[PDB]
Structure formats: structure tokens, C-alpha cells
>>> print(open('entry-v4.cif').read())   # mmCIF, C-alpha atoms
data_work
#
loop_
_atom_site.label_atom_id
_atom_site.label_comp_id
_atom_site.auth_asym_id
_atom_site.auth_seq_id
_atom_site.Cartn_x
_atom_site.Cartn_y
_atom_site.Cartn_z
CA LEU A 981 -76.54 -0.39 50.18
CA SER A 982 -72.74 -0.56 50.43
CA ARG A 983 -72.33 3.03 51.69
CA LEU A 984 -75.14 3.56 54.23
CA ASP A 985 -76.53 1.76 57.26
CA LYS A 986 -80.00 0.27 56.86
CA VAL A 987 -82.18 2.95 58.46
CA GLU A 988 -80.49 5.67 56.40
CA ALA A 989 -80.37 3.48 53.27
CA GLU A 990 -84.16 2.95 53.38
CA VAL A 991 -84.60 6.73 53.05
CA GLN A 992 -82.37 6.86 49.96
CA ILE A 993 -83.73 3.64 48.43
CA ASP A 994 -87.34 4.80 48.74
CA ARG A 995 -86.50 7.88 46.65
CA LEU A 996 -85.20 5.63 43.86
CA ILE A 997 -88.22 3.32 44.18
CA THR A 998 -90.57 6.31 44.02
CA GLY A 999 -88.90 7.79 40.94
CA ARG A 1000 -88.37 4.50 39.12
CA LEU A 1001 -91.98 3.45 39.75
CA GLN A 1002 -93.08 6.86 38.48
CA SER A 1003 -90.96 6.15 35.39
CA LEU A 1004 -92.77 2.87 34.68
CA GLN A 1005 -96.18 4.46 35.26
CA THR A 1006 -95.23 7.17 32.76
CA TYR A 1007 -94.08 4.57 30.23
CA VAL A 1008 -97.09 2.25 30.57
CA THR A 1009 -99.55 5.15 30.52
CA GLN A 1010 -98.09 6.44 27.24
CA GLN A 1011 -97.87 2.92 25.78
CA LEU A 1012 -101.54 2.33 26.60
CA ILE A 1013 -102.41 5.52 24.70
CA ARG A 1014 -100.15 4.55 21.78
CA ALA A 1015 -101.75 1.09 21.77
CA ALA A 1016 -105.15 2.77 21.34
CA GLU A 1017 -103.79 4.66 18.32
CA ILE A 1018 -102.39 1.47 16.77
CA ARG A 1019 -105.73 -0.24 17.42
CA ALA A 1020 -107.47 2.48 15.40
CA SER A 1021 -105.06 2.04 12.48
CA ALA A 1022 -105.49 -1.73 12.75
CA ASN A 1023 -109.29 -1.46 12.65
CA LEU A 1024 -108.95 0.87 9.65
CA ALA A 1025 -106.50 -1.43 7.85
CA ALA A 1026 -108.84 -4.36 8.52
CA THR A 1027 -111.79 -2.40 7.13
CA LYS A 1028 -109.81 -1.48 4.00
CA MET A 1029 -108.86 -5.14 3.61
CA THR B 393 -101.23 -7.98 73.63
CA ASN B 394 -98.05 -8.28 75.72
CA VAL B 395 -95.54 -5.91 77.31
CA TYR B 396 -91.88 -6.62 78.13
CA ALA B 397 -89.91 -4.51 80.63
CA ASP B 398 -86.12 -4.62 80.11
CA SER B 399 -83.74 -3.04 82.64
CA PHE B 400 -79.96 -2.48 82.78
CA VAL B 401 -77.31 0.09 83.77
CA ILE B 402 -74.95 1.86 81.32
CA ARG B 403 -72.82 4.99 81.08
CA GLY B 404 -74.50 8.32 80.42
CA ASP B 405 -72.59 8.54 77.13
CA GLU B 406 -74.14 5.20 76.11
CA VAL B 407 -77.82 6.14 76.63
CA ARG B 408 -77.82 7.63 73.12
CA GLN B 409 -77.17 4.12 71.74
CA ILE B 410 -80.48 2.72 73.09
CA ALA B 411 -82.59 3.55 70.03
CA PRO B 412 -83.60 1.82 66.78
CA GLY B 413 -80.94 1.87 64.08
CA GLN B 414 -78.19 2.84 66.53
CA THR B 415 -74.64 1.47 66.63
CA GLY B 416 -71.81 1.23 69.14
CA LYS B 417 -70.44 -1.15 71.75
CA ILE B 418 -73.74 -1.25 73.65
CA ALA B 419 -76.11 -1.33 70.67
CA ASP B 420 -73.87 -3.73 68.74
CA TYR B 421 -72.67 -6.11 71.47
CA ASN B 422 -74.95 -5.64 74.51
CA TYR B 423 -78.56 -4.70 73.68
CA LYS B 424 -79.88 -4.28 70.12
CA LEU B 425 -83.31 -2.76 69.35
CA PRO B 426 -85.13 -3.69 66.13
CA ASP B 427 -85.47 -1.21 63.28
CA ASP B 428 -89.28 -1.27 63.68
CA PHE B 429 -89.18 -0.97 67.49
CA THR B 430 -92.58 -0.11 69.00
CA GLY B 431 -91.64 0.54 72.65
CA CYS B 432 -90.38 3.35 74.88
CA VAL B 433 -86.89 3.94 76.31
CA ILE B 434 -86.68 5.45 79.81
CA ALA B 435 -83.41 6.34 81.55
CA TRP B 436 -82.22 8.35 84.55
CA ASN B 437 -78.91 9.16 86.23
CA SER B 438 -78.14 6.68 89.03
CA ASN B 439 -74.85 8.14 90.33
CA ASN B 440 -76.55 8.23 93.75
CA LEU B 441 -77.06 4.43 93.84
#
>>> encode(input="entry-v4.cif", output="C-alpha cells")
Amino acid sequence: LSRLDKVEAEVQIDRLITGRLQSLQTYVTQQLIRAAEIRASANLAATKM
Amino acid sequence: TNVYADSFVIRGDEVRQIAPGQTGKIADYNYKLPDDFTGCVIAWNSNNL
């Protein structure tokens, strides 16, 4: 944003937005799967209690 | 919904400045088009007139 004029900057910024959004989708997807694993251990621990 | 016809005379070397995201004496200080411009630019040599 300091180095490029707006209509060129938007092309570079949208690459970062694409890749950073893809990074959050990767994180949240894998955390949702990990949460399901922890849920199973929690249901087991509750049953053993 | 509406149409606006704008007309003016400039140097042949300045015609290249009449586009979205352009810069220069004409684009900067005479006639600036928006980044999301939806119109058409038409120009012809008038050295005869």
C-alpha cells in the first residue's frame, strides 16, 4: 500500500487475502476435526466417571 | 438509467491518460476517471480543426 498505486495494489492485496483466508480455512477445518476427537475423549472420560 | 457525454480536446500523447487508474497532468489535474469506471472513451485526431 506504500509502494503501489491503488489499481495495481488491489491485484497484490487480493493474493494475500486469498492465501491468508485459505490459511484460516485450513486452521478452522483442522480445529473442527480435532474438536471432534476431544469430544470423543470427553464423552469417554464422562462415561468412566 | 442515465448516460453522460463528456467532451474535451487534449494532446495525442495525453489520450493514454484517459482511462481508469491512470496518472499524469491530465488524469491528475484535468479529468479523473473512477477506478470502477463503466463507460467508453472515444478519441480522434483533430489536427484538421
>>> resolve_selection(input="entry-v4.cif", expression="the PyMOL selection byres ((chain B) within 12 of (chain A))", output="list in words")
residues 411, 412, 413, 414, 415, 426, 427 and 428 of chain B
>>> atom_distance(input="entry-v4.cif", atom1="atom CA of residue 1017 of chain A", atom2="atom CA of residue 1003 of chain A")
21.4 Å
>>> residues_around(input="entry-v4.cif", residues="residue 425 of chain B", least_positions_apart="4", cutoff="12 Å", atoms="all atoms listed in the file", output="count of residues only")
17
>>> axis_aligned_box(input="entry-v4.cif", around="segment 1015-1020 of chain A", padding_each_side="4 Å", output="JSON")
{"center_x": -104.6, "center_y": 2.2, "center_z": 18.6, "size_x": 13.7, "size_y": 12.9, "size_z": 14.4}
>>> resolve_selection(input="entry-v4.cif", expression="the PyMOL selection byres ((chain B and resi 399) around 10)", output="list in words")
residues 396, 397, 398, 400, 401, 433, 434 and 435 of chain B
>>> write_last_selection(input="entry-v4.cif", atoms="C-alpha atoms", output="PDB file, keeping the file's coordinate frame")
ATOM      1  CA  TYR B 396     -91.880  -6.620  78.130  1.00  0.00           C
ATOM      2  CA  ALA B 397     -89.910  -4.510  80.630  1.00  0.00           C
ATOM      3  CA  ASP B 398     -86.120  -4.620  80.110  1.00  0.00           C
ATOM      4  CA  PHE B 400     -79.960  -2.480  82.780  1.00  0.00           C
ATOM      5  CA  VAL B 401     -77.310   0.090  83.770  1.00  0.00           C
ATOM      6  CA  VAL B 433     -86.890   3.940  76.310  1.00  0.00           C
ATOM      7  CA  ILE B 434     -86.680   5.450  79.810  1.00  0.00           C
ATOM      8  CA  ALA B 435     -83.410   6.340  81.550  1.00  0.00           C
TER       9      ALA B 435
END
>>> atom_distance(input="entry-v4.cif", atom1="atom CA of residue 404 of chain B", atom2="atom CA of residue 437 of chain B")
7.3 Å
>>> atom_distance(input="entry-v4.cif", atom1="atom CA of residue 407 of chain B", atom2="atom CA of residue 436 of chain B")
9.3 Å
>>> decode(input="entry-v4.cif", residues="segment 987-1025 of chain A", atoms="N, CA and C atoms", output="compact mmCIF listing (two decimals), in the first residue's frame")
# COMPACT_ATOMS: atom_id res chain seq x y z
N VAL A 987 -4.84 0.60 -8.21
CA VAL A 987 -5.32 -0.43 -9.12
C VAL A 987 -4.30 -1.55 -9.32
N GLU A 988 -3.01 -1.28 -9.09
CA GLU A 988 -2.04 -2.37 -9.01
C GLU A 988 -2.01 -3.01 -7.63
N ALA A 989 -2.13 -2.20 -6.58
CA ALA A 989 -2.15 -2.73 -5.21
C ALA A 989 -3.27 -3.75 -5.01
N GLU A 990 -4.48 -3.45 -5.50
CA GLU A 990 -5.59 -4.39 -5.38
C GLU A 990 -5.26 -5.78 -5.94
N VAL A 991 -4.44 -5.85 -6.98
CA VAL A 991 -4.04 -7.16 -7.50
C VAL A 991 -3.13 -7.88 -6.53
N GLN A 992 -2.18 -7.16 -5.92
CA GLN A 992 -1.28 -7.78 -4.95
C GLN A 992 -1.99 -8.08 -3.63
N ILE A 993 -2.85 -7.18 -3.16
CA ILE A 993 -3.56 -7.40 -1.90
C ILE A 993 -4.48 -8.61 -1.99
N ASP A 994 -5.17 -8.78 -3.12
CA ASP A 994 -6.09 -9.90 -3.26
C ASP A 994 -5.39 -11.25 -3.26
N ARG A 995 -4.11 -11.31 -3.64
CA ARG A 995 -3.34 -12.53 -3.45
C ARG A 995 -3.12 -12.83 -1.97
N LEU A 996 -2.73 -11.83 -1.19
CA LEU A 996 -2.59 -12.02 0.25
C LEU A 996 -3.91 -12.39 0.92
N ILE A 997 -5.00 -11.71 0.56
CA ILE A 997 -6.30 -12.05 1.11
C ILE A 997 -6.68 -13.49 0.78
N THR A 998 -6.47 -13.89 -0.48
CA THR A 998 -6.76 -15.27 -0.87
C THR A 998 -5.96 -16.27 -0.03
N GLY A 999 -4.65 -16.07 0.08
CA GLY A 999 -3.82 -17.03 0.79
C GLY A 999 -4.01 -17.01 2.30
N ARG A 1000 -4.24 -15.82 2.87
CA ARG A 1000 -4.49 -15.74 4.30
C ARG A 1000 -5.85 -16.29 4.68
N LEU A 1001 -6.87 -16.06 3.85
CA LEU A 1001 -8.16 -16.69 4.08
C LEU A 1001 -8.07 -18.20 3.96
N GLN A 1002 -7.34 -18.69 2.96
CA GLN A 1002 -7.09 -20.12 2.83
C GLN A 1002 -6.33 -20.68 4.03
N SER A 1003 -5.52 -19.85 4.69
CA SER A 1003 -4.83 -20.28 5.91
C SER A 1003 -5.78 -20.41 7.09
N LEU A 1004 -6.73 -19.49 7.24
CA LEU A 1004 -7.74 -19.64 8.29
C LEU A 1004 -8.68 -20.81 8.03
N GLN A 1005 -9.11 -21.00 6.79
CA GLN A 1005 -9.96 -22.15 6.49
C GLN A 1005 -9.24 -23.46 6.77
N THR A 1006 -7.94 -23.53 6.51
CA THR A 1006 -7.18 -24.72 6.85
C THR A 1006 -7.10 -24.92 8.36
N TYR A 1007 -6.86 -23.85 9.11
CA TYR A 1007 -6.80 -23.93 10.56
C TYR A 1007 -8.13 -24.36 11.16
N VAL A 1008 -9.21 -23.65 10.82
CA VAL A 1008 -10.52 -23.94 11.41
C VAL A 1008 -11.01 -25.33 11.02
N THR A 1009 -10.79 -25.74 9.78
CA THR A 1009 -11.15 -27.10 9.38
C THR A 1009 -10.46 -28.14 10.27
N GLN A 1010 -9.16 -27.99 10.49
CA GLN A 1010 -8.42 -28.96 11.29
C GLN A 1010 -8.74 -28.83 12.78
N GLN A 1011 -9.07 -27.63 13.26
CA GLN A 1011 -9.54 -27.50 14.63
C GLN A 1011 -10.92 -28.10 14.85
N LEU A 1012 -11.80 -28.02 13.85
CA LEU A 1012 -13.10 -28.67 13.97
C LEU A 1012 -12.97 -30.18 14.05
N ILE A 1013 -12.02 -30.75 13.30
CA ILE A 1013 -11.77 -32.18 13.38
C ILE A 1013 -11.13 -32.56 14.72
N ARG A 1014 -10.14 -31.78 15.17
CA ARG A 1014 -9.57 -32.01 16.49
C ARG A 1014 -10.61 -31.87 17.60
N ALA A 1015 -11.50 -30.89 17.49
CA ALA A 1015 -12.57 -30.75 18.47
C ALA A 1015 -13.43 -32.01 18.55
N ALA A 1016 -13.72 -32.63 17.41
CA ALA A 1016 -14.47 -33.88 17.40
C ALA A 1016 -13.72 -35.00 18.12
N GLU A 1017 -12.39 -35.04 17.98
CA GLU A 1017 -11.61 -36.03 18.72
C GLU A 1017 -11.65 -35.77 20.22
N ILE A 1018 -11.51 -34.51 20.64
CA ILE A 1018 -11.57 -34.17 22.06
C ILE A 1018 -12.95 -34.45 22.63
N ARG A 1019 -14.00 -34.20 21.84
CA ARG A 1019 -15.36 -34.56 22.25
C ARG A 1019 -15.48 -36.05 22.56
N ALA A 1020 -14.89 -36.90 21.71
CA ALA A 1020 -14.93 -38.34 21.94
C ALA A 1020 -14.21 -38.74 23.23
N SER A 1021 -13.03 -38.18 23.48
CA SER A 1021 -12.35 -38.41 24.75
C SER A 1021 -13.14 -37.87 25.93
N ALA A 1022 -13.79 -36.72 25.76
CA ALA A 1022 -14.61 -36.16 26.83
C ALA A 1022 -15.83 -37.02 27.13
N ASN A 1023 -16.50 -37.54 26.10
CA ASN A 1023 -17.61 -38.46 26.33
C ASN A 1023 -17.14 -39.75 26.98
N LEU A 1024 -15.95 -40.23 26.61
CA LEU A 1024 -15.39 -41.41 27.25
C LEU A 1024 -15.03 -41.14 28.71
N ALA A 1025 -14.31 -40.05 28.97
CA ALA A 1025 -13.98 -39.68 30.34
C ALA A 1025 -15.22 -39.48 31.21
